[PDB]
file entry_5.cif (mmCIF, C-alpha atoms and all ligand atoms)
data_work
#
loop_
_atom_site.label_atom_id
_atom_site.label_comp_id
_atom_site.auth_asym_id
_atom_site.auth_seq_id
_atom_site.Cartn_x
_atom_site.Cartn_y
_atom_site.Cartn_z
CA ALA C 1 0.00 0.00 0.00
CA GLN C 2 1.48 3.35 -1.05
CA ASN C 3 1.84 6.17 1.55
CA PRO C 4 0.63 4.11 4.52
CA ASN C 5 1.37 6.85 7.09
CA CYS C 6 -0.97 9.23 5.02
CA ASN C 7 1.62 12.02 4.69
CA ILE C 8 0.92 15.03 2.52
CA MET C 9 2.77 14.55 -0.76
CA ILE C 10 4.27 17.29 -2.97
CA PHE C 11 4.44 16.85 -6.74
CA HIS C 12 6.59 18.59 -9.37
CA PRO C 13 5.08 17.69 -12.81
CA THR C 14 7.04 18.50 -15.92
CA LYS C 15 5.39 20.59 -18.64
CA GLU C 16 4.64 17.39 -20.53
CA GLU C 17 3.01 15.81 -17.48
CA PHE C 18 0.94 19.02 -16.99
CA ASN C 19 -1.07 18.49 -20.15
CA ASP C 20 -3.49 15.88 -19.12
CA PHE C 21 -5.18 16.80 -15.82
CA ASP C 22 -7.16 13.58 -15.28
CA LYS C 23 -4.14 11.41 -15.97
CA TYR C 24 -1.97 13.37 -13.45
CA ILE C 25 -4.63 13.04 -10.69
CA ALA C 26 -4.73 9.32 -11.34
CA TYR C 27 -0.87 9.25 -11.16
CA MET C 28 -0.85 11.02 -7.82
CA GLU C 29 -3.35 8.47 -6.48
CA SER C 30 -1.16 5.58 -7.81
CA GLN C 31 1.53 6.94 -5.45
CA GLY C 32 -0.86 7.12 -2.45
CA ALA C 33 -1.43 10.86 -2.39
CA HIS C 34 -5.12 10.56 -1.54
CA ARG C 35 -4.44 8.78 1.66
CA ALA C 36 -3.38 12.14 3.24
CA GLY C 37 -6.58 13.90 2.14
CA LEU C 38 -4.53 16.74 0.59
CA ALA C 39 -1.64 17.09 -1.93
CA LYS C 40 0.45 20.01 -3.16
CA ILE C 41 1.26 20.48 -6.88
CA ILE C 42 4.03 22.87 -7.87
CA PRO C 43 3.51 23.82 -11.59
CA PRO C 44 6.41 23.52 -14.08
CA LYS C 45 8.55 26.59 -14.25
CA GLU C 46 7.36 27.30 -17.84
CA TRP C 47 3.71 27.65 -16.74
CA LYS C 48 1.77 30.72 -15.76
CA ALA C 49 -1.91 31.29 -14.81
CA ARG C 50 -1.98 34.70 -16.46
CA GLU C 51 0.47 37.48 -17.48
CA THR C 52 0.03 39.89 -14.52
CA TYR C 53 -2.29 40.66 -11.58
CA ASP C 54 -2.00 44.42 -12.15
CA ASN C 55 -5.55 44.99 -13.27
CA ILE C 56 -7.75 43.14 -10.64
CA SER C 57 -8.67 46.01 -8.31
CA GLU C 58 -11.99 46.69 -9.79
CA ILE C 59 -13.45 43.20 -9.14
CA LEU C 60 -16.38 43.62 -6.69
CA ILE C 61 -16.77 41.77 -3.44
CA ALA C 62 -20.56 42.20 -3.19
CA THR C 63 -20.89 40.61 0.28
CA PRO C 64 -17.68 40.64 2.36
CA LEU C 65 -18.07 38.41 5.43
CA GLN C 66 -16.82 39.45 8.95
CA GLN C 67 -15.85 36.19 10.72
CA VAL C 68 -16.89 36.55 14.39
CA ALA C 69 -15.72 33.79 16.76
CA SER C 70 -17.28 32.32 19.95
CA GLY C 71 -15.70 29.78 22.31
CA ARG C 72 -12.14 29.20 23.49
CA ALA C 73 -8.90 29.69 21.62
CA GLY C 74 -8.56 26.08 20.49
CA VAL C 75 -12.26 25.17 20.18
CA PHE C 76 -14.53 27.79 18.64
CA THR C 77 -17.25 28.45 16.12
CA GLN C 78 -17.49 31.36 13.71
CA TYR C 79 -20.44 33.14 12.17
CA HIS C 80 -20.39 35.34 9.15
CA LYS C 81 -21.70 38.85 9.43
CA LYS C 82 -22.47 40.45 6.08
CA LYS C 83 -20.74 43.82 5.33
CA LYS C 84 -21.21 46.43 2.64
CA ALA C 85 -19.80 45.79 -0.83
CA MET C 86 -16.30 46.82 -1.66
CA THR C 87 -13.85 46.49 -4.53
CA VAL C 88 -10.73 44.29 -4.42
CA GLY C 89 -8.66 47.52 -4.24
CA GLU C 90 -10.65 48.74 -1.27
CA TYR C 91 -10.38 45.26 0.42
CA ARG C 92 -6.59 45.14 -0.15
CA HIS C 93 -6.20 48.53 1.53
CA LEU C 94 -8.33 47.30 4.46
CA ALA C 95 -6.30 44.08 4.80
CA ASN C 96 -3.04 46.18 4.93
CA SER C 97 -4.46 48.62 7.57
CA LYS C 98 -3.08 48.64 11.09
CA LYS C 99 -6.27 47.02 12.45
CA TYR C 100 -6.08 43.99 10.09
CA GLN C 101 -2.51 43.53 8.89
CA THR C 102 -0.30 40.54 9.62
CA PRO C 103 1.80 41.13 12.82
CA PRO C 104 5.52 40.96 12.90
CA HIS C 105 6.69 37.39 13.10
CA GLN C 106 9.81 35.21 12.70
CA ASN C 107 8.63 32.46 10.39
CA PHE C 108 5.51 30.45 9.45
CA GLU C 109 5.62 28.54 12.78
CA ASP C 110 5.66 31.72 14.88
CA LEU C 111 2.73 33.04 12.83
CA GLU C 112 0.82 29.76 13.35
CA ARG C 113 1.34 30.08 17.13
CA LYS C 114 0.02 33.65 17.04
CA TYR C 115 -3.01 32.56 14.95
CA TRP C 116 -4.06 29.87 17.46
CA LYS C 117 -3.38 32.05 20.47
CA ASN C 118 -5.19 35.14 19.25
CA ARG C 119 -7.65 34.38 16.43
CA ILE C 120 -10.76 34.48 18.57
CA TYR C 121 -10.08 38.06 19.74
CA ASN C 122 -10.35 39.52 16.27
CA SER C 123 -13.00 39.48 13.47
CA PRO C 124 -11.27 39.48 10.05
CA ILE C 125 -13.19 40.16 6.82
CA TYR C 126 -13.17 37.43 4.06
CA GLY C 127 -14.19 37.98 0.40
CA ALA C 128 -15.23 34.42 -0.14
CA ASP C 129 -17.21 32.49 -2.60
CA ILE C 130 -17.22 34.97 -5.54
CA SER C 131 -18.17 33.31 -8.88
CA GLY C 132 -15.44 34.00 -11.43
CA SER C 133 -11.90 33.17 -12.69
CA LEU C 134 -8.46 34.77 -12.93
CA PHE C 135 -7.02 32.21 -15.39
CA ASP C 136 -6.25 33.65 -18.82
CA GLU C 137 -8.38 32.01 -21.50
CA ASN C 138 -5.20 31.11 -23.30
CA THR C 139 -3.81 29.09 -20.39
CA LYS C 140 -4.47 25.54 -21.53
CA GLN C 141 -2.99 23.54 -18.66
CA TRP C 142 -4.67 23.34 -15.20
CA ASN C 143 -7.05 26.17 -16.01
CA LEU C 144 -9.74 25.77 -13.28
CA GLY C 145 -12.36 27.36 -15.53
CA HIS C 146 -11.82 24.69 -18.26
CA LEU C 147 -12.00 21.42 -16.35
CA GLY C 148 -14.30 18.50 -17.23
CA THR C 149 -17.55 19.00 -15.36
CA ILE C 150 -18.90 16.81 -12.55
CA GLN C 151 -22.15 16.40 -14.50
CA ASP C 152 -20.24 15.02 -17.46
CA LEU C 153 -18.28 12.67 -15.16
CA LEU C 154 -21.52 11.33 -13.60
CA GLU C 155 -22.84 10.84 -17.12
CA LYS C 156 -19.72 9.06 -18.36
CA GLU C 157 -19.65 6.72 -15.34
CA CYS C 158 -23.31 6.08 -14.71
CA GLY C 159 -25.02 6.87 -18.05
CA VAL C 160 -27.52 9.39 -16.69
CA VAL C 161 -27.64 12.94 -18.12
CA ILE C 162 -28.35 15.59 -15.48
CA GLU C 163 -28.90 19.35 -15.22
CA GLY C 164 -26.38 21.62 -13.51
CA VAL C 165 -23.19 23.49 -14.01
CA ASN C 166 -19.80 23.62 -12.24
CA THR C 167 -17.87 26.99 -12.16
CA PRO C 168 -14.96 28.34 -10.11
CA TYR C 169 -14.96 30.66 -7.12
CA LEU C 170 -12.56 33.40 -6.01
CA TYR C 171 -11.50 33.99 -2.40
CA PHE C 172 -9.91 37.23 -1.29
CA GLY C 173 -8.35 36.78 2.20
CA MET C 174 -6.56 38.70 4.91
CA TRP C 175 -4.70 37.82 8.12
CA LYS C 176 -6.69 35.41 10.30
CA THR C 177 -9.41 34.72 7.73
CA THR C 178 -10.44 31.15 8.45
CA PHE C 179 -11.90 28.11 6.72
CA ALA C 180 -13.67 25.80 9.16
CA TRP C 181 -13.39 21.99 9.32
CA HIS C 182 -15.26 20.44 6.39
CA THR C 183 -15.29 18.00 3.53
CA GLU C 184 -16.59 19.14 0.11
CA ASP C 185 -20.25 18.98 -0.93
CA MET C 186 -21.05 15.31 -1.72
CA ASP C 187 -17.45 14.49 -0.60
CA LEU C 188 -16.12 15.77 -3.96
CA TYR C 189 -12.50 16.65 -4.69
CA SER C 190 -11.46 20.26 -4.66
CA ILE C 191 -8.58 22.07 -6.36
CA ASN C 192 -7.31 25.44 -5.12
CA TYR C 193 -4.80 27.74 -6.80
CA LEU C 194 -3.22 30.55 -4.79
CA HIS C 195 -2.97 33.33 -7.46
CA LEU C 196 -1.19 35.98 -5.41
CA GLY C 197 -0.25 37.36 -2.07
CA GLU C 198 0.44 35.82 1.31
CA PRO C 199 0.30 32.12 2.19
CA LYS C 200 -2.56 29.83 3.27
CA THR C 201 -1.95 27.19 6.03
CA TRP C 202 -3.93 23.94 5.76
CA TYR C 203 -4.74 21.18 8.22
CA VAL C 204 -6.14 17.83 6.98
CA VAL C 205 -7.40 14.50 8.41
CA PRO C 206 -6.78 11.36 6.29
CA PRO C 207 -10.08 10.11 4.74
CA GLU C 208 -9.72 6.75 6.45
CA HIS C 209 -9.83 8.59 9.78
CA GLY C 210 -12.55 11.11 9.14
CA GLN C 211 -15.03 9.51 11.48
CA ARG C 212 -12.54 10.09 14.38
CA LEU C 213 -12.71 13.77 13.71
CA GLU C 214 -16.54 13.66 13.56
CA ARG C 215 -16.74 11.87 16.93
CA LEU C 216 -14.47 14.49 18.52
CA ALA C 217 -16.53 17.29 17.01
CA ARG C 218 -19.78 15.82 18.46
CA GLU C 219 -18.07 15.85 21.91
CA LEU C 220 -16.72 19.42 21.55
CA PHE C 221 -19.84 20.96 20.05
CA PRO C 222 -22.57 19.07 21.83
CA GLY C 223 -25.54 21.45 21.15
CA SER C 224 -24.67 21.62 17.45
CA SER C 225 -24.47 17.83 17.30
CA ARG C 226 -27.99 17.48 18.73
CA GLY C 227 -29.32 20.00 16.20
CA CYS C 228 -27.89 18.16 13.14
CA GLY C 229 -26.41 14.74 12.45
CA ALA C 230 -23.96 16.33 9.92
CA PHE C 231 -23.26 19.71 11.42
CA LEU C 232 -19.74 20.01 10.07
CA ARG C 233 -21.55 20.64 6.72
CA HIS C 234 -22.39 24.05 8.22
CA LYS C 235 -18.75 24.98 7.94
CA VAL C 236 -18.51 26.85 11.27
CA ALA C 237 -16.37 24.74 13.66
CA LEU C 238 -12.67 25.14 14.44
CA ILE C 239 -10.45 22.81 16.44
CA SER C 240 -6.74 23.56 16.94
CA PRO C 241 -3.80 21.29 16.24
CA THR C 242 -3.04 21.22 19.95
CA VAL C 243 -6.56 19.97 20.71
CA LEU C 244 -6.43 17.41 17.93
CA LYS C 245 -3.07 16.07 19.32
CA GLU C 246 -4.54 15.93 22.89
CA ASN C 247 -7.39 13.79 21.58
CA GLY C 248 -5.32 11.51 19.39
CA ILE C 249 -6.80 12.58 16.04
CA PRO C 250 -4.49 11.86 13.12
CA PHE C 251 -3.77 14.96 10.95
CA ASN C 252 -1.17 16.78 8.92
CA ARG C 253 -0.38 20.37 8.12
CA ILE C 254 1.18 22.26 5.23
CA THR C 255 1.54 25.88 4.01
CA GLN C 256 0.60 26.80 0.41
CA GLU C 257 2.37 29.73 -1.24
CA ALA C 258 1.47 31.86 -4.21
CA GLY C 259 1.78 29.94 -7.46
CA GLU C 260 0.98 26.56 -5.95
CA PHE C 261 -2.02 24.22 -6.31
CA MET C 262 -3.61 22.15 -3.55
CA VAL C 263 -5.94 19.21 -4.19
CA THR C 264 -8.29 17.89 -1.55
CA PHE C 265 -9.49 14.28 -1.94
CA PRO C 266 -12.93 12.78 -1.27
CA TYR C 267 -13.80 12.78 2.41
CA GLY C 268 -10.54 14.61 3.38
CA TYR C 269 -11.54 16.97 6.19
CA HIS C 270 -9.64 20.23 6.00
CA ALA C 271 -9.41 23.65 7.78
CA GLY C 272 -6.99 26.54 7.71
CA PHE C 273 -6.18 30.24 7.66
CA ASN C 274 -4.69 33.00 5.54
CA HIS C 275 -1.44 34.76 6.53
CA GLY C 276 -2.27 38.14 4.97
CA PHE C 277 -3.86 39.66 1.82
CA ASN C 278 -4.23 36.95 -0.82
CA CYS C 279 -6.41 35.67 -3.66
CA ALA C 280 -7.22 32.03 -4.31
CA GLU C 281 -9.44 30.31 -6.92
CA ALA C 282 -11.07 26.92 -6.29
CA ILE C 283 -13.54 24.50 -7.85
CA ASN C 284 -14.92 21.05 -7.13
CA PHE C 285 -14.27 18.12 -9.44
CA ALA C 286 -14.88 14.40 -9.70
CA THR C 287 -13.12 11.26 -10.99
CA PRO C 288 -14.37 7.70 -11.30
CA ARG C 289 -13.09 6.95 -7.79
CA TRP C 290 -15.37 9.65 -6.33
CA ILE C 291 -18.62 7.91 -7.26
CA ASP C 292 -18.54 5.58 -4.27
CA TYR C 293 -17.87 8.49 -1.90
CA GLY C 294 -20.69 10.48 -3.36
CA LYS C 295 -23.11 7.64 -2.71
CA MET C 296 -22.09 7.45 0.95
CA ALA C 297 -21.71 11.18 1.74
CA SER C 298 -23.51 12.53 4.74
CA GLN C 299 -25.97 15.16 4.40
CA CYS C 300 -27.28 18.17 6.43
CA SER C 301 -31.11 18.18 6.27
CA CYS C 302 -31.68 20.67 9.26
CA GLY C 303 -31.72 23.54 6.86
CA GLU C 304 -28.48 25.25 7.83
CA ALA C 305 -26.08 24.03 5.13
CA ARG C 306 -28.08 25.40 2.09
CA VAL C 307 -26.10 24.67 -1.11
CA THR C 308 -25.95 25.11 -4.90
CA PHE C 309 -28.50 24.20 -7.49
CA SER C 310 -26.27 21.46 -8.92
CA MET C 311 -26.17 19.37 -5.71
CA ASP C 312 -29.83 18.48 -6.29
CA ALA C 313 -29.11 16.07 -9.08
CA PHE C 314 -26.20 14.46 -7.27
CA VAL C 315 -28.45 13.62 -4.28
CA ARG C 316 -31.33 12.61 -6.48
CA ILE C 317 -29.31 10.09 -8.55
CA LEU C 318 -26.70 8.86 -6.04
CA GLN C 319 -28.81 8.98 -2.83
CA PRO C 320 -32.48 8.50 -3.85
CA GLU C 321 -33.56 7.30 -0.36
CA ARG C 322 -32.21 10.54 1.22
CA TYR C 323 -33.54 12.82 -1.50
CA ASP C 324 -36.98 13.70 -0.04
CA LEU C 325 -35.61 14.59 3.44
CA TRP C 326 -32.59 16.50 2.06
CA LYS C 327 -34.80 18.56 -0.28
CA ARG C 328 -37.11 19.52 2.66
CA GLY C 329 -33.89 20.93 4.23
CA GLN C 330 -33.23 22.94 1.05
CA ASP C 331 -36.87 24.32 1.11
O1 LIG C 401 -9.46 28.75 0.65
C1 LIG C 401 -10.47 28.65 1.41
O2 LIG C 401 -10.97 29.58 2.14
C2 LIG C 401 -11.22 27.36 1.49
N1 LIG C 401 -10.88 26.43 0.38
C3 LIG C 401 -11.24 25.18 0.39
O3 LIG C 401 -11.88 24.62 1.35
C4 LIG C 401 -10.92 24.31 -0.77
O4 LIG C 401 -10.25 24.80 -1.72
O5 LIG C 401 -11.44 23.16 -0.71
MG MG C 402 -10.39 44.94 -12.09
NI NI C 403 -12.72 22.84 0.92
ZN ZN C 404 -27.52 20.81 9.49
#

call {"tool": "encode", "arguments": {"input": "entry_5.cif", "output": "structure tokens", "more": "lines below"}}
Ligand SMILES: O=C(O)CNC(=O)C(=O)O
Ligand SMILES: [Mg+2]
Ligand code: NI
Ligand SMILES: [Zn+2]
result
Amino acid sequence: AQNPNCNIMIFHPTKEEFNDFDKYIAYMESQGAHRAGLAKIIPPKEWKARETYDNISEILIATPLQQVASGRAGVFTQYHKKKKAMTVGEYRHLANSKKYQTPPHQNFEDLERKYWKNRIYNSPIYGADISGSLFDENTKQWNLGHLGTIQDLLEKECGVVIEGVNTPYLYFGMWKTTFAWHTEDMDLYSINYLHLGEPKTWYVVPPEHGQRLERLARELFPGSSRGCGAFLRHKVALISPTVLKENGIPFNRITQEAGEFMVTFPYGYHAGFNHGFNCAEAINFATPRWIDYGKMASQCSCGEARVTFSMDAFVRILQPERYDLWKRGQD
């Protein structure tokens, strides 16, 4: 069995190996990369996502989200308070202000310590989940706006044609902006490219151990657990590495820098934070190996998780018994 300790693997494809996306994912899996839940892909030196980032300031963040925390430093939830619209140039200036900027630090480890110690005492503003792309149309390799669609994969594997579309999302971050512990909708893969700016730190639980994380979360968030049998689908709970270590939960950590891709694998729980002003692009995708995860994915039916149009068909075809209850949650 490849990668039996479920370590995060880093890949350096050549420009020739960067042509065929599906084939490279399958290669990474042949080496055990999925066992970690997360992999890093450093593009060949010849590749670029676009020519420059000099002209992005007029993109609109229609609903910036202020991430307000409740709890204790290592075990907290966050809610998102909607703020007034602002441009990317206005958001960059805000991120760089004295109130929000990254503090002085020695190295990534010192910054990580400061994040865990102090996150809860601040409410950073995240420009998350903005439909769009920063890949140039002429970039042919690993262009997240030109991937094979999940609907087409379901049709190729299962023979059923379904409605829905699959497009990328932009994330504009600042110091302390946070992504809570989650797997993807329908336990899909995700791919994330850090276009510019400061790093993003990730934490991940191997898929084979995801239920250990769920059991800890039910213990640590006991009211949430009673409200919903899949409350981590709400994407609001944070648990620190120190707390995970104290409770024996297997995980790994890695920092992504500008110009690097991350792939999350089906049922790989992940969480993390931004080091300073940055912009990432991400999209979900599927492979043949996903189908079995999609059929077994948990679902939130309490009404909180509220998701895209295109998840309807995935539930309806892969999980027909759950469909009725899940759709009640959506309505
Ligand atoms: O970058 C973020 O805020 C969150 N991203 C992801 O969870 C992902 O790419 O799967
Ligand atoms: Mg612009
Ligand atoms: Ni994710
Ligand atoms: Zn729920």

call {"tool": "closest_residue", "arguments": {"input": "entry_5.cif", "among": "C:302, C:191, C:8, C:150", "to": "ligand NI 403 (chain C)", "atoms": "only C-alpha atoms and all ligand atoms"}}
result
C:191

call {"tool": "closest_residue", "arguments": {"input": "entry_5.cif", "among": "C:186, C:194, C:217, C:162", "to": "residue 292 (chain C)", "atoms": "all atoms listed in the file"}}
result
C:186

call {"tool": "closest_residue", "arguments": {"input": "entry_5.cif", "among": "C:276, C:241, C:294, C:227", "to": "ligand ZN 404 (chain C)", "atoms": "only C-alpha atoms and all ligand atoms"}}
result
C:227

call {"tool": "residues_around", "arguments": {"input": "entry_5.cif", "residues": "residue 163 (chain C)", "least_positions_apart": "6", "cutoff": "9 Å", "atoms": "only C-alpha atoms", "output": "list in words"}}
result
residues 151, 310 and 313 of chain C

call {"tool": "closest_residue", "arguments": {"input": "entry_5.cif", "among": "C:44, C:268, C:103, C:222", "to": "ligand LIG 401 (chain C)", "atoms": "all atoms listed in the file"}}
result
C:268

call {"tool": "closest_residue", "arguments": {"input": "entry_5.cif", "among": "C:59, C:325, C:125, C:283", "to": "residue 175 (chain C)", "atoms": "only C-alpha atoms"}}
result
C:125

call {"tool": "axis_aligned_box", "arguments": {"input": "entry_5.cif", "around": "region 162-167 of chain C", "padding_each_side": "3 Å", "output": "lines of an AutoDock Vina configuration file"}}
result
center_x = -23.4
center_y = 21.3
center_z = -13.8
size_x = 17.0
size_y = 17.4
size_z = 9.3

call {"tool": "closest_residue", "arguments": {"input": "entry_5.cif", "among": "C:288, C:145, C:73, C:172", "to": "residue 87 (chain C)", "atoms": "all atoms listed in the file"}}
result
C:172

call {"tool": "atom_distance", "arguments": {"input": "entry_5.cif", "atom1": "CA of residue 196 (chain C)", "atom2": "CA of residue 278 (chain C)"}}
result
5.6 Å

call {"tool": "residues_near_ligand", "arguments": {"input": "entry_5.cif", "ligand": "ligand MG 402 (chain C)", "cutoff": "10 Å", "atoms": "only C-alpha atoms and all ligand atoms", "output": "number ranges by chain"}}
result
C: 53-60, 87-89

call {"tool": "atom_distance", "arguments": {"input": "entry_5.cif", "atom1": "CA of residue 275 (chain C)", "atom2": "CA of residue 201 (chain C)"}}
result
7.6 Å

call {"tool": "residues_near_ligand", "arguments": {"input": "entry_5.cif", "ligand": "ligand ZN 404 (chain C)", "cutoff": "9 Å", "atoms": "only C-alpha atoms and all ligand atoms", "output": "PyMOL selection string"}}
result
chain C and resi 224-225+227-234+299-306+329

call {"tool": "closest_atom_pairs", "arguments": {"input": "entry_5.cif", "of": "chain C", "to": "ligand LIG 401 (chain C)", "cutoff": "9 Å", "atoms": "only C-alpha atoms and all ligand atoms", "output": "CSV"}}
result
residue,atom,partner,partner_atom,distance
C:126,CA,C:LIG401,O2,8.4
C:128,CA,C:LIG401,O2,6.8
C:129,CA,C:LIG401,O2,8.4
C:170,CA,C:LIG401,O1,8.7
C:171,CA,C:LIG401,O2,6.4
C:172,CA,C:LIG401,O2,8.5
C:173,CA,C:LIG401,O2,7.7
C:177,CA,C:LIG401,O2,7.8
C:178,CA,C:LIG401,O2,6.5
C:179,CA,C:LIG401,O2,4.9
C:180,CA,C:LIG401,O3,8.1
C:181,CA,C:LIG401,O3,8.5
C:182,CA,C:LIG401,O3,7.4
C:183,CA,C:LIG401,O5,7.7
C:184,CA,C:LIG401,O5,6.6
C:189,CA,C:LIG401,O5,7.7
C:190,CA,C:LIG401,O5,4.9
C:191,CA,C:LIG401,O4,5.6
C:192,CA,C:LIG401,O4,4.5
C:193,CA,C:LIG401,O4,8.0
C:194,CA,C:LIG401,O1,8.5
C:200,CA,C:LIG401,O1,7.5
C:202,CA,C:LIG401,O1,8.9
C:262,CA,C:LIG401,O4,7.4
C:263,CA,C:LIG401,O4,7.5
C:264,CA,C:LIG401,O5,6.2
C:270,CA,C:LIG401,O3,6.8
C:271,CA,C:LIG401,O3,7.0
C:272,CA,C:LIG401,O2,7.5
C:273,CA,C:LIG401,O2,7.3
C:274,CA,C:LIG401,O2,7.9
C:279,CA,C:LIG401,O1,8.7
C:280,CA,C:LIG401,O1,6.4
C:281,CA,C:LIG401,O4,7.6
C:282,CA,C:LIG401,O4,5.1
C:283,CA,C:LIG401,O4,7.0
C:284,CA,C:LIG401,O5,7.6

call {"tool": "write_last_selection", "arguments": {"input": "entry_5.cif", "atoms": "C-alpha atoms", "output": "PDB file, in the frame of the given file"}}
result
ATOM      1  CA  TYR C 126     -13.170  37.430   4.060  1.00  0.00           C
ATOM      2  CA  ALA C 128     -15.230  34.420  -0.140  1.00  0.00           C
ATOM      3  CA  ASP C 129     -17.210  32.490  -2.600  1.00  0.00           C
ATOM      4  CA  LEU C 170     -12.560  33.400  -6.010  1.00  0.00           C
ATOM      5  CA  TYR C 171     -11.500  33.990  -2.400  1.00  0.00           C
ATOM      6  CA  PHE C 172      -9.910  37.230  -1.290  1.00  0.00           C
ATOM      7  CA  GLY C 173      -8.350  36.780   2.200  1.00  0.00           C
ATOM      8  CA  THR C 177      -9.410  34.720   7.730  1.00  0.00           C
ATOM      9  CA  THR C 178     -10.440  31.150   8.450  1.00  0.00           C
ATOM     10  CA  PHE C 179     -11.900  28.110   6.720  1.00  0.00           C
ATOM     11  CA  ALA C 180     -13.670  25.800   9.160  1.00  0.00           C
ATOM     12  CA  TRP C 181     -13.390  21.990   9.320  1.00  0.00           C
ATOM     13  CA  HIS C 182     -15.260  20.440   6.390  1.00  0.00           C
ATOM     14  CA  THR C 183     -15.290  18.000   3.530  1.00  0.00           C
ATOM     15  CA  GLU C 184     -16.590  19.140   0.110  1.00  0.00           C
ATOM     16  CA  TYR C 189     -12.500  16.650  -4.690  1.00  0.00           C
ATOM     17  CA  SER C 190     -11.460  20.260  -4.660  1.00  0.00           C
ATOM     18  CA  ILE C 191      -8.580  22.070  -6.360  1.00  0.00           C
ATOM     19  CA  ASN C 192      -7.310  25.440  -5.120  1.00  0.00           C
ATOM     20  CA  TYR C 193      -4.800  27.740  -6.800  1.00  0.00           C
ATOM     21  CA  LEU C 194      -3.220  30.550  -4.790  1.00  0.00           C
ATOM     22  CA  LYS C 200      -2.560  29.830   3.270  1.00  0.00           C
ATOM     23  CA  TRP C 202      -3.930  23.940   5.760  1.00  0.00           C
ATOM     24  CA  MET C 262      -3.610  22.150  -3.550  1.00  0.00           C
ATOM     25  CA  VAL C 263      -5.940  19.210  -4.190  1.00  0.00           C
ATOM     26  CA  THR C 264      -8.290  17.890  -1.550  1.00  0.00           C
ATOM     27  CA  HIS C 270      -9.640  20.230   6.000  1.00  0.00           C
ATOM     28  CA  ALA C 271      -9.410  23.650   7.780  1.00  0.00           C
ATOM     29  CA  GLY C 272      -6.990  26.540   7.710  1.00  0.00           C
ATOM     30  CA  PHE C 273      -6.180  30.240   7.660  1.00  0.00           C
ATOM     31  CA  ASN C 274      -4.690  33.000   5.540  1.00  0.00           C
ATOM     32  CA  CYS C 279      -6.410  35.670  -3.660  1.00  0.00           C
ATOM     33  CA  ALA C 280      -7.220  32.030  -4.310  1.00  0.00           C
ATOM     34  CA  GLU C 281      -9.440  30.310  -6.920  1.00  0.00           C
ATOM     35  CA  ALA C 282     -11.070  26.920  -6.290  1.00  0.00           C
ATOM     36  CA  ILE C 283     -13.540  24.500  -7.850  1.00  0.00           C
ATOM     37  CA  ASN C 284     -14.920  21.050  -7.130  1.00  0.00           C
TER      38      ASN C 284
END

call {"tool": "residues_around", "arguments": {"input": "entry_5.cif", "residues": "residue 17 (chain C)", "least_positions_apart": "5", "cutoff": "10 Å", "atoms": "only C-alpha atoms", "output": "MDAnalysis selection string"}}
result
chainID C and resid 12 23:24 27 43:44 141

call {"tool": "residues_near_point", "arguments": {"input": "entry_5.cif", "point": "(-7.7, 46.3, 8.9)", "cutoff": "12 Å", "atoms": "all atoms listed in the file", "output": "ChimeraX atom specification"}}
result
/C:66,90-103,122-126,173-177,276-277

call {"tool": "atom_distance", "arguments": {"input": "entry_5.cif", "atom1": "CA of residue 249 (chain C)", "atom2": "CA of residue 69 (chain C)"}}
result
23.0 Å

call {"tool": "residues_around", "arguments": {"input": "entry_5.cif", "residues": "residue 297 (chain C)", "least_positions_apart": "4", "cutoff": "9 Å", "atoms": "all atoms listed in the file", "output": "MDAnalysis selection string"}}
result
chainID C and resid 185:187 267 292:293 319

call {"tool": "residues_around", "arguments": {"input": "entry_5.cif", "residues": "region 33-35 of chain C", "least_positions_apart": "5", "cutoff": "9 Å", "atoms": "all atoms listed in the file", "output": "list in words"}}
result
residues 2, 3, 4, 5, 6, 7, 8, 9, 10, 27, 28, 206, 207, 208, 264, 265, 266 and 268 of chain C

call {"tool": "residues_near_point", "arguments": {"input": "entry_5.cif", "point": "(3.9, 19.0, -15.4)", "cutoff": "10 Å", "atoms": "only C-alpha atoms", "output": "ChimeraX atom specification"}}
result
/C:11-21,24,41-47,141-142

call {"tool": "decode", "arguments": {"input": "entry_5.cif", "residues": "region 137-150 of chain C", "atoms": "C-alpha atoms", "output": "compact mmCIF listing (two decimals), in the first residue's frame"}}
result
# COMPACT_ATOMS: atom_id res chain seq x y z
CA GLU C 137 -8.38 32.01 -21.50
CA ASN C 138 -5.20 31.11 -23.30
CA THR C 139 -3.81 29.09 -20.39
CA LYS C 140 -4.47 25.54 -21.53
CA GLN C 141 -2.99 23.54 -18.66
CA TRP C 142 -4.67 23.34 -15.20
CA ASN C 143 -7.05 26.17 -16.01
CA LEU C 144 -9.74 25.77 -13.28
CA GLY C 145 -12.36 27.36 -15.53
CA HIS C 146 -11.82 24.69 -18.26
CA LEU C 147 -12.00 21.42 -16.35
CA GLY C 148 -14.30 18.50 -17.23
CA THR C 149 -17.55 19.00 -15.36
CA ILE C 150 -18.90 16.81 -12.55
